Amino acid sequence: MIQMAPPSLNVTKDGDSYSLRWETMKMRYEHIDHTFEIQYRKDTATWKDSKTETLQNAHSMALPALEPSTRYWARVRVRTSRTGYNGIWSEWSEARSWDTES
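Structure determination for this entry is recorded as solution NMR.

Caption draft 1: Region of interest: the pattern of salt bridges. Under the counting rule described, the total for this entry stands at one salt bridge. Here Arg71 makes a salt bridge to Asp43, at a shortest N to O gap of 3.0 Å. Of this pair, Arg71 sits in the loop between β2 (51-56) and β3 (72-78) while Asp43 sits in the loop between β1 (35-40) and β2, placing them 28 residues apart in sequence. Residue class for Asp43 comes out partly exposed when judged on its relative accessible area of 41%.

Caption draft 2: Layout of the sheet that holds β3. As summarised here, the arrangement of the four strands in space is β2-β1-β3-β4, forming an open sheet in which the pairing is antiparallel. If you trace the sheet from one side to the other, it starts and ends with β2 and β4 (96-98), each paired once. When strand polarity is set aside, the average angle formed by the axes of neighbouring strands in this sheet is 25°. Across six bridges, the pairing between β1 and β2 is antiparallel. Bridge pairing in β2 links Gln39 to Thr52.

Conventions and cut-offs
Residues numbered from 1 in each chain as written, not as in the entry; some residues may be left out. Heavy atoms only, no water. Salt bridge = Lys/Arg side-chain N within 4 Å of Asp/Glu carboxyl O. Helix = DSSP H or I, 4+ residues; strand = E, 2+ residues; numbered from the N terminus. Buried < 20%, exposed > 50% of the residue type's maximum accessible area, 1.4 Å probe, protein only. Pairing = 2+ DSSP bridges. Axes fitted to C-alpha atoms, helices over the stretch in contact; angles between N-to-C directions.

Below, the structure written as structure tokens:
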């Protein structure tokens, strides 16, 4: 059994422009930083082509580098930036695919 568990990732658009929305509740420890490694790929490219965004103590992102008519598959990596913590990470949040319409 692994450790911790990635939050619930979900994209929400407000006029073409999409944005991530992840909420963590598997920590409830203290005022931790909790770094979030964002990775948004697509159905046309590969995860390797995706972009690795660093979401520090953040609970969402503003997917800027996207493209219409493309299935964007993103995910979130939540670690445990407890200042004096080792240096592990999560098992990558369940990938999510969303359409960017046209």
